[PDB]
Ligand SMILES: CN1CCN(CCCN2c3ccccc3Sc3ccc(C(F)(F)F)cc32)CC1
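For reference, the chain that follows is the form solved without this ligand, supplied as C-alpha cells.
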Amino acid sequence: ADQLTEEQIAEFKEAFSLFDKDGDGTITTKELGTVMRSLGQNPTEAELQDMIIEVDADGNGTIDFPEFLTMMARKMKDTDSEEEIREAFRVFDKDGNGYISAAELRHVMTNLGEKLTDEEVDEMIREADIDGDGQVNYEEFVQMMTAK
C-alpha cells in the first residue's frame, strides 16, 4: 500500500475530532468509553485502559492524531469478519474488477423486482460514492455497509 492521500488524511482528521469531544487534540480512555457506550458496548474499565496502552507505547496517557492513524492502521489488517464482506462485495461485483458499478447493483435490484429509476439508484450510490466516479470502490463498500 502507498502512503495515505491528503484527502484520506483529511478524512481521518475529521474522524479524529469525532472521537475527540474536547477538541484538545487527544483521545483518552474516557472518550474511548464514551464512544463504546454510545455503540451499546459495555467492556470493563481495564479493557478500555488496555485498548489505550495498545497504542500508547509512549506512555503519555492519550491517543494523539498520529496514534489515531496507527489505530486505523491496525484495522487495515485482515480480520475474520472480512470474509463475509468480501463475499458480499463479489455478489455485486459480477465481473470482479474491484468496483461495483451502478449498473451491476441495478442488475441485482432488477432481479429482485425493485422498480427504481436510474436516478433513484444514483441517490443510493451517492451515499457511498466519496470520489464521485459513479461506482462503489472496495473501501467505499465498507462505508456503505457501515450505514443503512
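Start at 1 and count along the sequence shown; that's the residue number.
Keep in mind that the form deposited with this ligand bound is missing from the display, and what follows is about it.
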Contact test in the deposited complex: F92 vs this ligand, heavy atoms, 4.5 Å: yes
Contact test in the deposited complex: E123 vs this ligand, heavy atoms, 4.5 Å: yes
Contacts with this ligand in the deposited complex, stretch 92 to 117 (heavy atom within 4.5 Å): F92, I100, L105
